[PDB]
Amino acid sequence: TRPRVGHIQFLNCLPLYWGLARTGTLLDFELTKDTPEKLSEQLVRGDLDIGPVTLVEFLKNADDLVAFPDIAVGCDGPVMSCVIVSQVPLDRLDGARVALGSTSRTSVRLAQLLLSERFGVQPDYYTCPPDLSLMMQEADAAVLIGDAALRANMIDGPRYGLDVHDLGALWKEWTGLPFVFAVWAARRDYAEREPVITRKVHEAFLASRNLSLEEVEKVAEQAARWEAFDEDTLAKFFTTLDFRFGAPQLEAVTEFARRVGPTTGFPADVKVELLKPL
Amino acid sequence: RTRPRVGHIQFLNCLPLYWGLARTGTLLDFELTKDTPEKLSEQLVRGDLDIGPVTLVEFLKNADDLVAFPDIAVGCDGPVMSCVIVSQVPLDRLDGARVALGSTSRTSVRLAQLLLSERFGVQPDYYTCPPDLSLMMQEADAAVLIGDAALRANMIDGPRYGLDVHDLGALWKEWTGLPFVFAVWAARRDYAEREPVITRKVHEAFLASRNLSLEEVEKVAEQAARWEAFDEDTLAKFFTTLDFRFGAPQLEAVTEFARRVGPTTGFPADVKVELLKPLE
Ligand SMILES: C=C(Oc1cccc(C(=O)O)c1)C(=O)O
Ligand SMILES: C=C(Oc1cccc(C(=O)O)c1)C(=O)O
């Protein structure tokens, strides 16, 4: 039977979806599209065999997952789709209410780490669906990912004079490091039961990622007919995202794990098992 | 501006078309929904979809509210392989017998009833149930199946358990000498009039995807053979036996079928099939 594969419905993986379709890879998958927190729960509990895992959930389940090398959802500098929208400066958020988008697990933890250990504020956090308008009427700041964040950063922010802090840029300023928000991984039991299929799926993901980068202009032009963003914005977003996952990216994962591990539920020296090649 | 909500039959008959939609990138212009043909018909008719496949009987019941796509359909000229009657006794011995009808079907089940009533002259006790040959064959004397269940019964379960499998396309061909159309592609009338361009663009993309799927049918069969119960040769045979044309000879078959079942199925015998007009 076809491997059950997850796919983030956000725009960040729309070019990858293009690559999976153009190559015919989709027809080897039983694909499930959803938000990253749902896809992580599904893979961890066994409703999926392979799929994207938000980094915090992967590190909490590192013993049961095998990450795919050379592909991830990340950035080196700004990421555009992970932001803090605030009505006041970040240093004035201590004791204030900050809304956390329900879809996120890694970016919200990154935002909490930055606000606590870089800016030194301790706000009262709460979780709610990602809706800027609603969040801005009930809290002083909001952490968003996905299309909601890109909409807040490129449209709603400038239109209503709200500060939009790029979480990738804040992490780059703080540490000089890139960041990895999500990785691709297979369940350990599936990887050991089907080593061949796991490798073929991994190789197909790399091939689809490679083609999407070569055809990024075609992806942006097509998506521009249906999204709120124009072709230039989408092409910039697709090219600003960093889909590599090598030594410099793993270094960023290691440092992030060290800083949040003791207060998030996984060891500071947690090990990331990578899928070995034949 | 939002992507058109497009249906797609999950059966193997439209797997090559899905390959074509993916390879061309057309999928990324769609909000695609995969399901069985009876659900996809309900969804489009009630407004949950904008464009999609409609089993012919349901299309004719709603012909005033739908606009059929020319030059693409799910049909056959002779055997169709995926629409069959599986019977433990000869067809002429089914009078008063139990015949199970697969819930997934609307057109083939009506075709089977038409053939059994007006060609073979039997009047069995029909009942509808989920498509499960094992269950049907232990509980009824015959069963009408479509989709992967029918193809499995025709190519695998049938010969394995010594059961007669009558191809519904072939029976219709023997009876009338005509091809048959089981499902058509159509847009909601309100959507076609609100978005004529998108409707035409979707129609043209379906034709392009259909054309490419026929050119690369070998690659489709080879890939699908890794995951399905059927081998590559069987899949390639099925994909090439299916007839995806929808022109004058196919509409002629629809007209004749509508005339024979219309008075007893819920649409006029003289029902009109509105085709999407091309730009001048
Ligand atoms: C690039 C992004 O960063 C992500 C992606 C997936 C999950 C998360 C998370 O916060 O769990 C963040 C984006 O949202 O587009
Ligand atoms: C070729 C087939 O014929 C069909 C297709 C779709 C719907 C129906 C129906 O009976 O409603 C029949 C197949 O099932 O593969």
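A, B, ... follow the sequence lines: proteins, then strands. Residue 1 opens every chain.
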- Message: Given heavy-atom pairs under 4.5 angstrom as the criterion, report whether the side chain, backbone, both or neither of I197(A) touches chain B.
- Response: side chain

- In a check of side-chain contact (heavy atoms from CB on, under 4.5 Å) between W226(A) and each of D29(B), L28(B), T2(B), which one passes?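 Per the side-chain contact (heavy atoms from CB on, under 4.5 Å) rule, the option paired with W226(A) is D29(B), out of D29(B), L28(B), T2(B).
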
- For chain B, find its close neighbours in residues 10-24 of chain A: heavy-atom separation under 4.5 Å, sorted by number, or none. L14(A), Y17(A), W18(A), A21(A), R22(A), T23(A), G24(A)

- Non-hydrogen side-chain atoms of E228(B) and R2(A) separated by less than 4.5 Å: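 Yes; the side chains approach each other to less than 4.5 Å.
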
Would one find more than 12 heavy atoms of other residues, nucleotides or ligands at under 6.0 Å from atom [atom1] of [X]?
X: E217(A); atom1: CD; answer: no
X: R199(A); atom1: CZ; answer: yes
X: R188(A); atom1: CZ; answer: yes

- What distance do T1(A) atom OG1 and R226(B) atom CZ have between them, rounded to the nearest 0.5 Å?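 The OG1 atom of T1(A) sits 14.5 Å away from the CZ atom of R226(B).
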
